[PDB]
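Single chain ahead, by itself, as structure tokens, in the form deposited in one PDB entry.
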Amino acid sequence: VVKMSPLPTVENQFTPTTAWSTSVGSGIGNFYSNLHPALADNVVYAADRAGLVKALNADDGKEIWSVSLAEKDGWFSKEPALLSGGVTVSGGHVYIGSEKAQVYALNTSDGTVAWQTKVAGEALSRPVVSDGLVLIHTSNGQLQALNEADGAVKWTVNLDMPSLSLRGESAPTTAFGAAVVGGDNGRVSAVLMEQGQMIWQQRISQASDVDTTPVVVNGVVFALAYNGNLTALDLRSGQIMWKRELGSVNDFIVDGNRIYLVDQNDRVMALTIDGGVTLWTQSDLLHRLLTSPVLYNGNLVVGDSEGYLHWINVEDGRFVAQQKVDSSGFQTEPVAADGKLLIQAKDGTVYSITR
């Protein structure tokens, strides 16, 4: 393994602290996972890979309800559910997918199971809810839409057979009655929410921990290819607008006039949204194994595998603060919503962070 960069010395412009922390089972341990917390109506919903799901008060982290989704039917009396994609919350349901090709819907009220559906393959990516449907990108190369009410598969879309197990997240994006899916062996496709009818498909690369989830901003689709280039596509036609050669990029977000990304070496970079030109690079975290970035209080925030959060000025890439949070480390994405910043550690502990 590559030796990571030392902890940068930062003069804190402010002093971020931990509001609260709450255990959630045994987390994801050492397995790769995209499992992360959700927040809705002042309640944080979080899970661990073994199958525990908890609802927590967002102000103090105290348990409101909890439920174990472990199977009671296997050889052994208890069998881990292998929760993986999610957590996603929408319309009174908590949606989670598993590596056993199940998708669960839990009632936000009390954690009881509203429905559970066997889908076409492993569900490693977050469920995406739109137009009354729960979209599940399965790891055997299909996109399935489940009714939010009863979990039934409304439609299925065939993609390319991956014939190669990839762990990196690949959620669909939704916009204007359509879903856009990447991570399809160098192809991006747009389909109609109504029946999964395909509208356009575009090759962004020929036939590694890359998040190939497309991001739609103002009629432009931003997409990373398995290989490492960033492409901008016209949302409605799928025509390529521009491409930037970068060499493996792990995660990116888009805001204002910038694209913020973290590459495979944990270099943090800001790019122009119209052309993908580099604006700044922050290289002090090289090989510390960063989470995806999130925007919070005007700053860019990332966690690392040693359990630190790094606060970055979006203008020039320099640090404005640093804090030690957790000893087991970070891996899954921080979540910024409703004025809060949440992050779940590898051992399962969920933190709320105060600027």
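Residues carry their position along the shown sequence, with the first being 1. Between two forms, the rigid core is the largest collection of C-alphas that superpose within 1.5 Å. Shifts are known only where both forms have a C-alpha.
Another form, the form deposited in another entry, is not on view; read the next lines as being about it.
Peer 1: Looking between this form and the one not shown after fitting on the rigid core, I'd like to know which of 237, 109, 165, 283 has a C-alpha displacement of 2 Å or more.
Peer 2: By this measure, the answer is 165.
Peer 1: Please state whether residue 176 has a C-alpha shift of 2 Å or more between this form and the one not shown, with the rigid core used for the fit.
Peer 2: The answer is no; the displacement is under 2 Å.
Peer 1: Tell me, please, whether between this form and the one not shown the C-alpha of residue 77 is shifted by 2 Å or more, with the rigid core used for superposition.
Peer 2: Shift at residue 77: 2 Å or more after core fit.
Peer 1: Given that the shift is 3 Å or more, do the Cα atoms of residue 276 and residue 125 end up closer or farther apart in the other form than in this form?
Peer 2: The answer is farther, because the C-alphas of residue 276 and residue 125 separate from each other in the other form by 3 Å or more.
Peer 1: Quick one: in the other form, is the Cα gap between residue 223 and residue 165 smaller or bigger than here? Answer closer or farther; it shifts by 3 Å or more.
Peer 2: Their C-alpha distance shrinks by at least 3 Å in the other form.
Peer 1: After the core superposition, state the residue ranges of at least 3 consecutive residues in which each CA shifts by 2 Å or more between this form and the one not shown.
Peer 2: Listed in sequence order, the moving runs between this form and the one not shown are 1-5, 74-77, 163-165, 275-277.
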